[PDB]
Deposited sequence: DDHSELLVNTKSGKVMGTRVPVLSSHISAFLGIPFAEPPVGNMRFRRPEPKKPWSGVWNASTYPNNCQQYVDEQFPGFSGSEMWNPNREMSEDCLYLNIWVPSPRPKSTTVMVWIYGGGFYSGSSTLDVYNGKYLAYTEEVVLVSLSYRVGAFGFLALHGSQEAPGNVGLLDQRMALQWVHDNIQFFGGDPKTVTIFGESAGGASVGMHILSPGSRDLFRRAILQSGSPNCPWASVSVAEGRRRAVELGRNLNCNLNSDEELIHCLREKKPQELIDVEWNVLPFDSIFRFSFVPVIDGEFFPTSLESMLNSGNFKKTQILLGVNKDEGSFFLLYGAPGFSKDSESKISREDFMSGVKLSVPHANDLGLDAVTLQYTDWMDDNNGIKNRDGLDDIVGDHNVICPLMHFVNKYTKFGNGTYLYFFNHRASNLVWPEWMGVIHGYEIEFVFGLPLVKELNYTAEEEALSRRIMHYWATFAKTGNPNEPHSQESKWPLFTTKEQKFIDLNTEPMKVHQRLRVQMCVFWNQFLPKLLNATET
């Protein structure tokens, strides 16, 4: 049978699923690591023991323990990101969509979910791999990894909670893909890892990390890069946050063994309930437990690695959305709300910039404010709102990605850059949020192909263009079929827009603002 596959870990049994009036197979919930429960919580992942018999892979696995969004109860805009499965610490599984008939050796795509390293699931409807697997004839894999304290509590020096285990979870799933995708018709020498937000940052972290490089061929990063200001912390800050977490749960804080033992005795929801209480500043776009620059997974600082070319050299395709910051201001900056146009006053503008560049002094805040204020119309509420929005996006996503792409291209073997600015005809979010963080995903996964979802015909056309660029790129190292998406070069720095209009090529994506965030502000903060 086409739904039975024998892997190096045991036999697994899939299920047939319908897609655009046809069908393909799906192997949902395959385990790739032993459940990280009990004394295993916080430890690096251990490889799944093989099993005799047949693993039932017909339904989605549980989602990892995580904080759940409740701002807009029942609002699809936000519920679509919450776990749609029971949560459990037993959550290290992967899902595989396989074209029918089963391929022999075709292109493989592995999706790594985003969610600021504190949330996320591989089972969300927007991550359904069936449309992409089917339309492009690729074997689509989506892995999972521990988030929050479970995946990133870091007490450097300890082997019980070394930090970065969530990344190691991902690596293990990738080790599994490399070792077994052939039995599902996948070509292990042609796997592309792609992810969005923390997923994009993760992809870049596997490009950097020596122990991950050999496990994949190419990479795609959506709205995220490894050097993002919110994606990593030092071992010290990591230690400081683990201790503070312990202090919140009334733990014994005399030794790492004492802290970890206490944290391991707490129920999942107990750690989640106080997780946010450990951030060092009042901030927007900052998360508690994230990857650490430990000297192991990351041999040295990210910047020196990027500067010395100490990373995997291959092709990469990546990009950003127009209004990456809107959602973060909606959730945490005063003056913004889901049901108004959110015109912001000067005072709220200013308190918003403070919230956005948490690590800046006064001189630094003035610099940012000056850089984003139209001084001959300072009380224009639409302008204050939009200016604040660009600040969040530029600082947290765009400029960090631009710095990564410029450093990468100096040593890489091919770069393709995009700027996704199509505002979906069926968006349920207020118009002021524009092209939101996370909303290019639905096009990458092909939702506009299903009529019931209500997209326009041009939007469906856009999704097919994107799906085919991503798949053609994963398969060849070039999104183009032999209108050309130009290669981004250190000299020309070209990129394309990605919407329903005829492709336009541009150059130096947000240079003006990014020279400010990548060169001036750091130098200014380092001297004061």
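Trainee: I have the full deposited sequence and the modelled structure. Can you tell me which residue ranges, counted from 1, have no C-alpha coordinates?
Mentor: Sequence ranges with no C-alpha atoms are 1-3, 486-489, 536-537.
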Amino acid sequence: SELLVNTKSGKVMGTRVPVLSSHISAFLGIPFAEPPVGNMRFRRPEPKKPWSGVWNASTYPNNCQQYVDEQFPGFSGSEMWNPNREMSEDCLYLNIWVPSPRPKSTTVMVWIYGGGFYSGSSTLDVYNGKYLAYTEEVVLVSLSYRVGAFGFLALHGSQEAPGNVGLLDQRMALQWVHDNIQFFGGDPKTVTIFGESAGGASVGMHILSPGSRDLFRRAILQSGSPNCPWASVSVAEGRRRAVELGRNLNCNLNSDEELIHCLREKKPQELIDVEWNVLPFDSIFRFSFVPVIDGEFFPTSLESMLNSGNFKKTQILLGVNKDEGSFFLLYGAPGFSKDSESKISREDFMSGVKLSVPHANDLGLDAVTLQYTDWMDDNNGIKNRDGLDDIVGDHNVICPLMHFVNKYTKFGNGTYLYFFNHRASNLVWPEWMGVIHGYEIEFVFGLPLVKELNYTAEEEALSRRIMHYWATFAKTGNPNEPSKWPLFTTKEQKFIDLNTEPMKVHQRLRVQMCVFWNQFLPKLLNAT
From here on, numbers count along this sequence of modelled residues.
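Only the largest set of C-alpha atoms that superpose within 1.5 Å between the two forms is called the rigid core.
Trainee: Core-superposed in 9 other deposited structures of this protein, which stretch deviates more in Cα positions, 279-287 or 398-406?
Mentor: Most displaced of the pair in 9 other deposited structures of this protein: 279-287.
Trainee: May I ask you to compare 97-105 and 318-326 by their mean CA B factor in the entry and name the higher one?
Mentor: Between 318-326 and 97-105, it is 97-105 that shows the higher mean C-alpha B-factor.
Trainee: Mean C-alpha B factor from the entry: is it higher for 295-303 or for 248-256?
Mentor: In the deposited entry, the stretch with the higher C-alpha B-factor mean is 248-256.
Trainee: Among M350, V233, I391, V203, where is the Cα temperature factor highest, going by the PDB entry?
Mentor: The C-alpha B-factor peaks, among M350, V233, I391, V203, at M350.
Trainee: If you check the C-alpha B-factor for each of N396, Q170, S119, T456 in the entry, which is highest?
Mentor: Reading the PDB entry, the winner on C-alpha B-factor is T456.
Trainee: Would you mind checking where the Cα B-factor of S212 ranks among the modelled residues of its chain, as the lowest, middle or highest third?
Mentor: Middle third of the chain for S212's C-alpha B-factor.
Trainee: What third of its chain, lowest, middle or highest, does the C-alpha temperature factor of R146 fall into?
Mentor: Tercile = lowest for this residue's CA B-factor.
Trainee: Would you mind checking where the Cα B-factor of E440 ranks among the modelled residues of its chain, as the lowest, middle or highest third?
Mentor: According to the entry, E440 has a C-alpha B-factor in the chain's lowest third.
Trainee: Would you please rank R240 by its C-alpha temperature factor against the other modelled residues of its chain and give the third it falls in: lowest, middle or highest?
Mentor: CA B-factor rank for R240: middle third.
Trainee: Looking at the entry's B-factor column for C-alpha atoms only, identify whether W470 ranks in the lowest, middle or highest third of its chain.
Mentor: For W470, the deposited C-alpha B-factor lands in the lowest third.
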